[PDB]
Amino acid sequence: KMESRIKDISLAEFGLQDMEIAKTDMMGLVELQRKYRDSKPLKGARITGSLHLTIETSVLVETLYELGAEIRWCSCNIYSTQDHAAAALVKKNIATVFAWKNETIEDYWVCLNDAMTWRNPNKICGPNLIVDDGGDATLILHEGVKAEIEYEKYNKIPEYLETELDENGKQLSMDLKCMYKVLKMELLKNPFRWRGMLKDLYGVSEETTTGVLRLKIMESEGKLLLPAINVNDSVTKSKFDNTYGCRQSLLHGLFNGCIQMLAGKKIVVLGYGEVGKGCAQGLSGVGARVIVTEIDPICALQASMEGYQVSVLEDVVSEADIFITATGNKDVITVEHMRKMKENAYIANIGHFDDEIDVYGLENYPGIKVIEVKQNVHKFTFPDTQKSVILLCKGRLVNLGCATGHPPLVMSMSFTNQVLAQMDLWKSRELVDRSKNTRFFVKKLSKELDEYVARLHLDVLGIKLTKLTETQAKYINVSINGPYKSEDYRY
Amino acid sequence: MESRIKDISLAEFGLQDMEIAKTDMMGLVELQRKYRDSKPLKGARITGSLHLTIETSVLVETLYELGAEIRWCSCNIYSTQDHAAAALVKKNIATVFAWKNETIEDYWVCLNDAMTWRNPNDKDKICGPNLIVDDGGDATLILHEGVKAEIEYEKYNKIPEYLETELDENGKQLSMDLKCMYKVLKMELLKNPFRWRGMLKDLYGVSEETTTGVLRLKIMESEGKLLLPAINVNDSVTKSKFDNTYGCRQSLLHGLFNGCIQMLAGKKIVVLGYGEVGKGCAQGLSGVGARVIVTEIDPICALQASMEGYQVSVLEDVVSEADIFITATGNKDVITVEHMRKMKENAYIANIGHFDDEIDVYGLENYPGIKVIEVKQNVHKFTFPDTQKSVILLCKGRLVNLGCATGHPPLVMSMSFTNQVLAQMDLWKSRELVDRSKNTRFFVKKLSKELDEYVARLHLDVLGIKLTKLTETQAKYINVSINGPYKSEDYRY
Amino acid sequence: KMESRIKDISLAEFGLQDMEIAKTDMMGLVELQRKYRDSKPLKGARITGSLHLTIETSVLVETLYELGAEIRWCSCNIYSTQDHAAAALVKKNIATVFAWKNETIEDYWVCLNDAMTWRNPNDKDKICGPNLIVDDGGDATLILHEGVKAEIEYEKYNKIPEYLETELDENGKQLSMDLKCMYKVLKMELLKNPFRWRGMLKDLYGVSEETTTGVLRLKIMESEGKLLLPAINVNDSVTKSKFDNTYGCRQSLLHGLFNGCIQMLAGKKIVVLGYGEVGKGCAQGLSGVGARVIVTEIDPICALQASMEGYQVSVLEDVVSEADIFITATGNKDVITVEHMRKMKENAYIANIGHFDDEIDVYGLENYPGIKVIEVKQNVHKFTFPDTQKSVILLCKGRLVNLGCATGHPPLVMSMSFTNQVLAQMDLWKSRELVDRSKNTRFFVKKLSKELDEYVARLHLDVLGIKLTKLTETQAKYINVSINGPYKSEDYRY
Amino acid sequence: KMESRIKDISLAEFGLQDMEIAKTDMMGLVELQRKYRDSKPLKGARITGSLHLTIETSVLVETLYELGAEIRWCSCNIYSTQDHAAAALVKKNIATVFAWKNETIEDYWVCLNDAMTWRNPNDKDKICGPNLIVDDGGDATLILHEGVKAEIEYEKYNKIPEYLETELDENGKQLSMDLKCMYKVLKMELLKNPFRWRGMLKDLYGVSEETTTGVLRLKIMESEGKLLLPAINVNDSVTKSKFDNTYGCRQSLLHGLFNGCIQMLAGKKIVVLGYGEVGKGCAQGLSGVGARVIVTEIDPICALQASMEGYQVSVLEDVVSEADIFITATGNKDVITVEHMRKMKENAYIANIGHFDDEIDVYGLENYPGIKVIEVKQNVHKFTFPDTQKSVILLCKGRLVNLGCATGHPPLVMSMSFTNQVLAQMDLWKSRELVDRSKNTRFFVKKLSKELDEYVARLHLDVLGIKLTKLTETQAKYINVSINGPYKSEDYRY
Ligand SMILES: NC(=O)c1ccc[n+]([C@@H]2O[C@H](COP(=O)([O-])OP(=O)(O)OC[C@H]3O[C@@H](n4cnc5c(N)ncnc54)[C@H](O)[C@@H]3O)[C@@H](O)[C@H]2O)c1
Ligand SMILES: Nc1ncnc2c1ncn2[C@@H]1O[C@H](CSCC[C@H](N)C(=O)O)[C@@H](O)[C@H]1O
Ligand SMILES: [Cl-]
Ligand SMILES: [Cl-]
Ligand SMILES: [Cl-]
Ligand SMILES: [Cl-]
Ligand SMILES: [Cl-]
């Protein structure tokens, strides 16, 4: 309700110290605070955020607060929260937080629901804006509205919320069961809750590829109920966070969760997109022999041109040492694959959720034995072969689960985009007239802003930009102040 | 009717290199195997302005096997490989007007000759090509400037004054390339003042290979001055993200090793521009121990360089201490005479970008009291009279990879050229939609992602790459077809 | 005495699990256990070890035990011990351990002294020393030699030597904490038994030294005729110096920096002071994650090598104000002074991967007038100067960052180093009869043969699926080597 | 022969221009010229050199000349000579040259013999030999020793030895072309003057050998008591083996491949046979341009090093059918056999960066029954087998690809190697009085000191803007070295 749910408020001092050190490099957020803390462009805005509550995220939240917004926050992953970062926010009254490291899936959805719940002075209401990372906040909202419509239609709790199985007879994921449990609970309390939030919702800014995919599907089906900004596809996000962020954070995660030396090992990177590219650079950097799997012939060729062998998993599963999933897809590592792996092979996911690796199938395999090697590291032994595989973070984000995620510099680039997106959505609220238009679309930030995010971080690294002369600008057909590239330029 | 090349006896070496090159150019080999019977380009007259290398010979061969009649010239005075040209002439694949080390005057005469076709209806009459393969926009330029010249000629009933003067609108000397093109245009106005406009009737399009040429097309498009449909081949993912990057990673080094005697390891090498070309150049240079310093105007590109461990500086701060300078900007005057006077003894300067304007070669060659000596073929050392310091320029400021070496290797050129053939087939198959009886405006388009992915598929076996195939469930999960395309149109790879 | 001093025996199960996972890659130690567990080549040997008590070290200790030795162990660094690794050893009765993470300097020397103290098997009421020593940095070797010196000076004047009671050195400056605490132990032992150290010499047959720094100390003693036992330089085996030092640090430096330094390494100017075997590895790792590495070096050959790998080579004074992170890998003293740290930019990070804590002048920093310090996290402190109000962040109080903020080198390379250690211990033990102390024998430092050096490498090839080519009889004759090696001359540098 | 045998004297101007540009980076040679051109330490010395006559070598020759030596030179490889470099030397009277690009093997040995032949300054109508030899591969050293053996066998039976007339060896197999052509020269010299070779020994004071292969031959002669003159192993200087061999090949292999192989290296599986100093460099370069390097190796230590740098290590048999390009860097024989080449895929490229032409079995390939060969370009031949109709493309007939298809290593690293050469020549010349042949004196192979090795590196620091740090008196004492070095022990591997 009014008060936060965190692990330990006494960790606040450590969180505040890390925030100040992190700000040395997060110049984008620091500049936005300096430029807008007086004018308060977000004054009066109620912002709910679902995003890994790390030290870096604390600076984002602080920035939103300095710009005048009231804030409620939760994490987008059960293992990613840094307790000292959460405590710092609560200690300084920057936001109302519902997050802690090592949440149960049930608590995850309760926290998200709590973060979405705001008290109207003199009754309940929702947020004005949403910062989402993976689409869970956006999902609970849309599924909540659907549940309420189905509830009024038949005057009973929808049967899909009570069943433990899906349309095809398979067990629902824990995440779906726990969300449904929350939705059912809210239908019993107030069946106009979700639709009531739509009146004041002016938008959502989505951080990731996976979340953007869900938004684009809803958009094309006429089911998106609020404006949305795709932050992921800003050049200063997808080409930095996804690539250079993972280059460092994958290693940090592997070094903490995997005791073995990476040098000389055959490490399979499944997927060679923006994340995979970064993972491969990092792994090579410390002597690993990277093997790539890929479905896209263009991405496969890119891997080959960087000197990496490109194979189908079946041909290298028995001899490779470590497997890293970076596909954003489902079942890229099956139970059948894991049974063919060699003794003490390590398996990790840097992609999304926990379905890239079939963790459910592994945990529920008949007669399988499991032991905790350390926090968030489990060794599974098959009964017939007596061979074992070691899974990091129960198949969830290894960089945020076994380590602290991306470092401040690149997160400042991603989060500067987030703040700019929130400001865009808020400044455009007058155009959101639900007595007229209710089905909305997804847009991206302009190239001008994209270049601006980069400008804001040049001094951190002592970068000196060259300035075009009037003649040069005319010659390459651009303004001296940009933008410098066409909209289709790939960097 | 007959070709102008250096030496037909080099044909055998050219044919041997073509066959070895085809081992890796599987895209072109597959197109030949798939379309040599159906002849999708049957009857098409294709004029090409593109570095006549062994790789280009396979492109030309592919177009010929698909049924086209061909006339070709190079797009750069130093890039032609004489054995490649001879091979084409020897086998009657095409009529060639190209040789290594052309004068600028001969360059434009060759281009004009390549654009000139004898009409098959009336053999005593002249006509133009149906399609154009252009690399830098010179073929597209002479066409548009030719039409302008003819309109101005009819208006005043005399040779336009801009074609006779040696100066431009601002009083500065015209570039040699402009003077020599103007000289050709003047000559053609005297022979036939309806030549260029007469070619428009049968022109169905141009497929442009490079960034620089695409820029010229986009300017014409926005001013309503583009006189034919165009396909931007450069911006295909299988071209800009491979040829420009990985091609230059190898070909820049080849060029530097041939033109620059010095060791690259430990040297401070400035790469001006960190776009698709600059990125590749930097990887290659680092790969052999150089300490790469990047200059850039785009803050996003500058940050990318920094994230790969490269120092990013303004030229003024590193010009006196750096050892080698490589221009990869596609811009003008990035290395001025004032910059070269501050450089250290025997600093090397090269351009991998475009034309010869990135470095102010004109200003250097015409500097008062400057001394020049030929170090070797296409390598000149300039000594300033006051400081007595020297700088060494590779290829008179023209493409170092194609001037001092043989350009990109077959594999990546097959990817670029597979796109070219597909573009030519697209333009030819769409002929009926080109209606000039109206005041139609032409635009620039790109090939589809389906074809872009196809180009990549065609080259996977060369390198033993094994693609994974999506299951029906996976395809639904990431919202794509099992056969693609696999990425949104805005995806940057 | 009889029982171990560790933090928590209940952590044993986690330690045993990590040991088994680590053994998947430590094939050298696994092979030695399989080959010698029955014959017990070290049967009856009393071995004292001073070496970072990590999981990897636990497998070394286990190997020595399986080969028949009785063992007492302590760590060679106050922060490097992994408590679960120590517990595993105590739980299985493999050794008597005196080690825990985050020891005080006083406790460090007490633990070392305890590890060196053995109950004589003939008369249980009497004390004796070890037969062999595994040393990492030379502290075990130092306390022995300084102990003997102290005892000789004690008999000469029949009183406690004045250098052991004073808190100052010969020049009037404060003694290092490590010296004060060792002296405190030596004084205590002179009062208990002034023939303790010389009494250990009768049964000491050798020491196998793991590091460059320790080897330097041995070579100095050797040249002055002051080395009191045979010694084996393990560091200079090719399978140690060219792997552990280089590839080990390439991974463990990063692990340490990622845990202690919250910042992104990409695009940062990171100064690596020293470009030896450690520096080379550090630079590869840092570059691998996008850092712009700047090297400082005193050796013109090493400086050129750095330049050939694309690194700028500068003197610290010219880059101290603009660099972001500083890593000392010199094995030298005062490479980063207080004056240097005052010129650094806000929140610059400083770390040491070299030795002890004197590469960076931590004493001068901590004792600077009016300096403020705050704990950022475990083993990470931010120091703020009073005049400029600028701060610097020091990792592990200037001690080994890879072992202090992380878990040190991974198993594979430590197996290579430790396979050399076991082979050295076996060499020293098998040669005991030749150590005749009834004369004024002078001891020297030797290295393991190339045959054994190649053997260590052979033992680890299968781990990584490496397939060796075998020479034909003609090829072997052509390059003038035996089909079974060794394949290189003694001066070959790899 | 008084006059030189070169291709074209008119190329002299281009050679002189390249020499001056090259000297910008060859600071070692430039410094030796500046320091010794007045004192002439080599005054009166007759120096014969057998070493790739490149622009870099021209600066070496110029340096020797400036130091006072009279010079005769030939190349050590039939394809390596740069004609403009040779012309420059002849044009300026720096030396008498017997070299040109694309020599026949017969002409190679005639040129070497001519370079070894000097007109005696006492009696101009009589012959004598050189005082000193600069050798690269050991051919100059070989013809001398085989010449002496031939003369001894000639006097013993008073007839031409039968091994010099036969075209076969002791086992009935064809002698290599290099042996036949050398024997043809030796036979010719026995008929003219059977005391020629032994007569040269009176005035021979030494040979400085540039390469690993040549050093091996010297070490064999040394151990058999058959070395007839003092020798200096230049290869094993740190400033040679750790730079020239590694960083030189990193650039020159690529240059050679780019000129001889039309294909793209990126994404190709390129097998590097041998991972020594040359192989290491080759692998870095190849990776640098996107190749996927696969290493073969016989030394388990070198194999592990490759693995730690991320390279697959395999036996050739397991990858020969699927790899694209093969580079031999072993210094061994028959590492690529005819059976291997028959299993290779269509248009696979094969090259050697090692030595001579026996790493790849070129003889077996060229003489294979029914094989077809075509010249693709200068020094590039495609061989097609008759049964499979598959082809393989061989660069430079299996000889040094970097010097055959390209111009060899660049000036900076050659200055480091050649500064060592000049210092070696000065050492041998200054020691001439100690060569007393009135006894049955046995000669040995020695190396230059670490002091000089460090000096070579110091001389090249300014070229690259390297700033060395200087030790304080306290630091120097702490690490036990002199402020001015040497900084490392003799066994240090860098
Ligand atoms: N091209 C050049 O300019 C150049 C430059 C320097 C050295 N070299 C020559 O290159 C050769 C190698 O020099 P190096 O300094 O690397 O010598 P090295 O002794 O350092 O390396 C040779 C390596 O080859 C391995 N080897 C031997 N036989 C083998 C076989 N049958 N299969 C696989 N591996 C095998 C050895 O184990 C060793 O690791 C020498 O002949 C040397 O003279 C050439
Ligand atoms: N070996 C080769 N053969 C043919 N074209 C090549 C080549 N190597 C590179 N190229 C082409 O050169 C193109 C840009 S260069 C053209 C720039 C400008 N017209 C000039 O000459 O200065 C690239 O898009 C690439 O496709
Ligand atoms: Cl645009
Ligand atoms: Cl067919
Ligand atoms: Cl800088
Ligand atoms: Cl002061
Ligand atoms: Cl002097």
# chains A, B, ... in the order shown; residues from 1 in each chain; ligands from 1
$ select_by_dssp --residues "stretch 392-438 of chain A" --states "alpha helix (DSSP H)" --output "number ranges by chain"
A: 398-401, 408-427
$ interface_residues --of "chain C" --to "chain D" --cutoff "8 Å" --atoms "only C-alpha atoms" --output "number ranges by chain"
C: 216, 238-239, 243, 247, 276-277, 296-305, 307-308, 312-316, 331-334, 454, 457-458, 461, 464-471, 475, 478-479, 487, 491-494
$ residues_around --residues "residue B:402" --least-positions-apart "5" --cutoff "12 Å" --atoms "only C-alpha atoms" --output "ChimeraX atom specification"
/B:50-54,74-81,100-101,247-248,250-256,258-259,350-355,378,394-395,397,407-409
$ residues_around --residues "residue D:365" --least-positions-apart "6" --cutoff "9 Å" --atoms "only C-alpha atoms" --output "list in words"
residues 337, 338, 341, 371 and 383 of chain D
$ write_last_selection --atoms "N, CA, C and O atoms" --output "compact mmCIF listing (two decimals), in the first residue's frame"
# COMPACT_ATOMS: atom_id res chain seq x y z
N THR D 337 52.40 -33.68 -46.89
CA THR D 337 52.78 -34.71 -47.84
C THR D 337 51.87 -34.71 -49.06
O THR D 337 50.85 -34.02 -49.08
N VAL D 338 52.25 -35.51 -50.06
CA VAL D 338 51.44 -35.68 -51.25
C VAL D 338 50.09 -36.30 -50.86
O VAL D 338 49.06 -35.89 -51.38
N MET D 341 47.87 -33.58 -49.63
CA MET D 341 47.38 -32.71 -50.70
C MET D 341 46.30 -33.34 -51.57
O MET D 341 45.45 -32.63 -52.11
N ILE D 371 50.48 -35.49 -63.24
CA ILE D 371 50.02 -34.25 -62.67
C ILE D 371 50.13 -33.13 -63.70
O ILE D 371 51.04 -33.13 -64.52
N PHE D 383 48.26 -27.09 -59.23
CA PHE D 383 48.53 -28.49 -59.57
C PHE D 383 47.23 -29.26 -59.54
O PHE D 383 46.49 -29.18 -58.56
$ residues_around --residues "stretch 30-35 of chain A" --least-positions-apart "3" --cutoff "10 Å" --atoms "only C-alpha atoms" --output "PyMOL selection string"
chain A and resi 23-27+38-40+59-60+62-67+412+416+419-420+456-457
$ residues_near_ligand --ligand "ligand 7" --cutoff "8 Å" --atoms "only C-alpha atoms and all ligand atoms" --output "short mmCIF file (atom, residue, chain, number, x, y, z; two decimals) with N, CA and C atoms, in the first residue's frame"
data_model
loop_
_atom_site.label_atom_id
_atom_site.label_comp_id
_atom_site.auth_asym_id
_atom_site.auth_seq_id
_atom_site.Cartn_x
_atom_site.Cartn_y
_atom_site.Cartn_z
N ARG D 34 76.07 6.56 -37.23
CA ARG D 34 76.47 7.84 -36.62
C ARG D 34 77.59 7.66 -35.60
N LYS D 35 77.51 6.59 -34.81
CA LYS D 35 78.49 6.35 -33.76
C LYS D 35 79.84 5.82 -34.24
N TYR D 36 79.84 4.98 -35.27
CA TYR D 36 81.08 4.33 -35.72
C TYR D 36 81.62 4.67 -37.11
#
$ closest_atom_pairs --of "chain B" --to "chain D" --cutoff "6 Å" --atoms "only C-alpha atoms" --output "JSON lines"
{"residue": "B:262", "atom": "CA", "partner": "D:410", "partner_atom": "CA", "distance": 5.5}
{"residue": "B:263", "atom": "CA", "partner": "D:410", "partner_atom": "CA", "distance": 5.0}
{"residue": "B:284", "atom": "CA", "partner": "D:289", "partner_atom": "CA", "distance": 5.8}
{"residue": "B:287", "atom": "CA", "partner": "D:288", "partner_atom": "CA", "distance": 4.0}
{"residue": "B:288", "atom": "CA", "partner": "D:285", "partner_atom": "CA", "distance": 5.8}
{"residue": "B:409", "atom": "CA", "partner": "D:264", "partner_atom": "CA", "distance": 5.0}
$ residues_around --residues "residue B:224" --least-positions-apart "4" --cutoff "8 Å" --atoms "only C-alpha atoms" --output "count of residues only"
3
$ residues_near_ligand --ligand "ligand 3" --cutoff "8 Å" --atoms "only C-alpha atoms and all ligand atoms" --output "list in words"
residues 485, 486, 487 and 488 of chain A
$ write_last_selection --atoms "C-alpha atoms" --output "CSV table (one decimal), in the first residue's frame"
chain,number,residue,atom,x,y,z
A,485,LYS,CA,22.8,9.7,-40.9
A,486,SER,CA,19.7,8.6,-42.8
A,487,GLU,CA,17.0,6.8,-40.9
A,488,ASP,CA,18.0,3.4,-42.4
$ residues_near_ligand --ligand "ligand 5" --cutoff "12 Å" --atoms "only C-alpha atoms and all ligand atoms" --output "PyMOL selection string"
(chain A and resi 459+461-464) or (chain B and resi 293-294+306+309-314+317-318) or (chain C and resi 267-270+292-294+312+314+318-324)
$ closest_residue --among "D:196, D:291, D:349, D:344" --to "chain A" --atoms "only C-alpha atoms"
D:291
$ interface_residues --of "chain A" --to "chain B" --cutoff "6 Å" --atoms "only C-alpha atoms" --output "compact mmCIF listing (two decimals) with N, CA and C atoms, in the first residue's frame"
# COMPACT_ATOMS: atom_id res chain seq x y z
N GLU A 294 22.87 -20.10 -35.10
CA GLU A 294 22.05 -19.00 -35.55
C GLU A 294 21.06 -19.50 -36.61
N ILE A 295 19.92 -18.82 -36.72
CA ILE A 295 18.87 -19.15 -37.72
C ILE A 295 18.84 -18.16 -38.87
N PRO A 297 20.62 -16.25 -41.75
CA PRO A 297 21.82 -16.40 -42.54
C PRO A 297 22.74 -15.18 -42.56
N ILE A 298 22.19 -13.98 -42.38
CA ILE A 298 22.99 -12.76 -42.36
C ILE A 298 23.82 -12.74 -41.09
N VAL A 310 30.32 -21.67 -37.10
CA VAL A 310 28.86 -21.60 -36.98
C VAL A 310 28.33 -23.01 -37.20
N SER A 311 27.69 -23.56 -36.16
CA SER A 311 27.18 -24.93 -36.18
C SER A 311 25.76 -25.04 -35.65
N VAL A 312 25.12 -26.18 -35.91
CA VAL A 312 23.82 -26.48 -35.32
C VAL A 312 24.18 -27.16 -34.00
N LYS A 330 12.40 -19.66 -27.65
CA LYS A 330 12.01 -20.70 -26.72
C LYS A 330 12.61 -22.06 -27.07
N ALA A 454 24.15 10.27 -27.12
CA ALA A 454 25.56 10.02 -27.32
C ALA A 454 26.40 11.26 -26.92
N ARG A 455 26.01 12.45 -27.36
CA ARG A 455 26.74 13.69 -27.00
C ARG A 455 26.94 13.85 -25.50
N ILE A 463 36.35 11.93 -25.22
CA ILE A 463 36.15 11.93 -26.66
C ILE A 463 36.02 13.34 -27.19
N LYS A 464 36.76 13.65 -28.25
CA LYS A 464 36.71 14.98 -28.88
C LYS A 464 36.05 14.84 -30.25
N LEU A 465 34.85 15.40 -30.40
CA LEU A 465 34.18 15.39 -31.68
C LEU A 465 34.71 16.44 -32.63
N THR A 466 34.76 16.08 -33.90
CA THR A 466 35.16 16.98 -34.95
C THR A 466 33.90 17.76 -35.36
N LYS A 467 34.07 19.00 -35.78
CA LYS A 467 32.95 19.82 -36.21
C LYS A 467 33.04 20.04 -37.71
N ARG A 490 22.65 1.75 -40.31
CA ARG A 490 22.78 0.70 -39.30
C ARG A 490 23.93 0.82 -38.29
$ atom_distance --atom1 "atom CA of residue A:383" --atom2 "atom CA of residue A:365"
9.5 Å
$ interface_residues --of "chain A" --to "chain D" --cutoff "10 Å" --atoms "only C-alpha atoms" --output "short mmCIF file (atom, residue, chain, number, x, y, z; two decimals) with N, CA, C and O atoms, in the first residue's frame"
data_model
loop_
_atom_site.label_atom_id
_atom_site.label_comp_id
_atom_site.auth_asym_id
_atom_site.auth_seq_id
_atom_site.Cartn_x
_atom_site.Cartn_y
_atom_site.Cartn_z
N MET A 261 37.89 -22.05 -15.80
CA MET A 261 38.61 -21.14 -16.66
C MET A 261 37.92 -21.16 -18.02
O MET A 261 37.59 -22.23 -18.53
N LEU A 262 37.73 -19.99 -18.60
CA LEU A 262 37.08 -19.90 -19.89
C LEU A 262 38.06 -20.16 -21.04
O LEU A 262 37.66 -20.66 -22.09
N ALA A 263 39.33 -19.82 -20.84
CA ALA A 263 40.34 -20.00 -21.88
C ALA A 263 40.43 -21.43 -22.40
O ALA A 263 40.46 -22.39 -21.63
N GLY A 264 40.44 -21.56 -23.73
CA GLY A 264 40.54 -22.85 -24.38
C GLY A 264 39.26 -23.66 -24.43
O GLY A 264 39.21 -24.68 -25.13
N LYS A 265 38.23 -23.22 -23.72
CA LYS A 265 36.98 -23.96 -23.71
C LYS A 265 36.17 -23.65 -24.95
O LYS A 265 36.30 -22.58 -25.53
N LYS A 266 35.37 -24.61 -25.37
CA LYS A 266 34.46 -24.41 -26.48
C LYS A 266 33.19 -23.91 -25.86
O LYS A 266 32.54 -24.62 -25.12
N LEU A 283 33.95 -13.30 -24.50
CA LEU A 283 34.44 -14.66 -24.34
C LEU A 283 35.79 -14.85 -25.07
O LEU A 283 36.71 -15.40 -24.49
N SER A 284 35.90 -14.37 -26.31
CA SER A 284 37.16 -14.45 -27.07
C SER A 284 38.26 -13.69 -26.38
O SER A 284 39.40 -14.13 -26.38
N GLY A 285 37.89 -12.54 -25.83
CA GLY A 285 38.82 -11.68 -25.12
C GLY A 285 39.56 -12.36 -24.00
O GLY A 285 40.66 -11.95 -23.66
N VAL A 286 38.95 -13.40 -23.40
CA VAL A 286 39.58 -14.14 -22.32
C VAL A 286 39.99 -15.56 -22.75
O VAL A 286 40.14 -16.46 -21.91
N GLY A 287 40.17 -15.75 -24.06
CA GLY A 287 40.69 -17.01 -24.60
C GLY A 287 39.74 -18.14 -24.94
O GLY A 287 40.18 -19.23 -25.28
N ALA A 288 38.44 -17.90 -24.85
CA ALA A 288 37.50 -18.96 -25.17
C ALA A 288 37.42 -19.16 -26.66
O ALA A 288 37.71 -18.25 -27.43
N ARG A 289 37.06 -20.37 -27.08
CA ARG A 289 36.85 -20.65 -28.49
C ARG A 289 35.34 -20.66 -28.67
O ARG A 289 34.67 -21.62 -28.31
N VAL A 290 34.82 -19.58 -29.22
CA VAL A 290 33.39 -19.41 -29.38
C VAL A 290 32.82 -20.10 -30.61
O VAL A 290 33.34 -19.94 -31.70
N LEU A 301 26.62 -15.31 -41.21
CA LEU A 301 27.77 -14.84 -41.98
C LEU A 301 28.61 -13.84 -41.21
O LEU A 301 29.82 -13.86 -41.33
N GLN A 302 27.97 -12.96 -40.45
CA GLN A 302 28.71 -11.99 -39.65
C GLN A 302 29.62 -12.72 -38.66
O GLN A 302 30.80 -12.37 -38.52
N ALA A 303 29.08 -13.75 -38.00
CA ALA A 303 29.84 -14.54 -37.04
C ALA A 303 31.06 -15.16 -37.72
O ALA A 303 32.19 -15.11 -37.20
N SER A 304 30.84 -15.72 -38.90
CA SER A 304 31.89 -16.36 -39.66
C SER A 304 33.00 -15.37 -40.03
O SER A 304 34.19 -15.71 -39.96
N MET A 305 32.62 -14.15 -40.40
CA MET A 305 33.59 -13.10 -40.76
C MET A 305 34.41 -12.62 -39.56
O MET A 305 35.43 -11.98 -39.76
N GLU A 306 33.94 -12.89 -38.34
CA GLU A 306 34.70 -12.53 -37.14
C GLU A 306 35.52 -13.73 -36.65
O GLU A 306 36.06 -13.70 -35.56
N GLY A 307 35.60 -14.77 -37.47
CA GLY A 307 36.39 -15.95 -37.17
C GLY A 307 35.74 -17.04 -36.32
O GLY A 307 36.45 -17.91 -35.82
N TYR A 308 34.42 -17.00 -36.17
CA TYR A 308 33.74 -18.00 -35.36
C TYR A 308 33.11 -19.10 -36.20
O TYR A 308 32.52 -18.86 -37.24
N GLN A 309 33.24 -20.33 -35.70
CA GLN A 309 32.62 -21.48 -36.31
C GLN A 309 31.11 -21.34 -36.09
O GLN A 309 30.68 -20.91 -35.02
N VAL A 310 30.32 -21.67 -37.10
CA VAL A 310 28.86 -21.60 -36.98
C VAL A 310 28.33 -23.01 -37.20
O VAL A 310 28.49 -23.58 -38.28
#
$ residues_around --residues "residue D:150" --least-positions-apart "4" --cutoff "8 Å" --atoms "only C-alpha atoms" --output "list in words"
residues 146, 154, 161, 186 and 190 of chain D
$ write_last_selection --atoms "N, CA and C atoms" --output "short mmCIF file (atom, residue, chain, number, x, y, z; two decimals), in the first residue's frame"
data_model
loop_
_atom_site.label_atom_id
_atom_site.label_comp_id
_atom_site.auth_asym_id
_atom_site.auth_seq_id
_atom_site.Cartn_x
_atom_site.Cartn_y
_atom_site.Cartn_z
N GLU D 146 81.47 -28.12 -46.54
CA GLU D 146 81.40 -29.19 -47.55
C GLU D 146 82.55 -29.07 -48.53
N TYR D 154 89.39 -35.49 -51.74
CA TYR D 154 90.09 -35.41 -53.02
C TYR D 154 91.56 -35.79 -52.84
N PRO D 161 85.78 -37.01 -55.70
CA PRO D 161 84.93 -37.89 -54.89
C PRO D 161 83.68 -38.32 -55.65
N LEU D 186 81.27 -27.33 -56.21
CA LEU D 186 82.40 -27.89 -55.48
C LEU D 186 83.31 -28.69 -56.40
N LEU D 190 87.27 -28.00 -57.31
CA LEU D 190 88.32 -28.98 -57.09
C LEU D 190 89.21 -29.09 -58.32
#
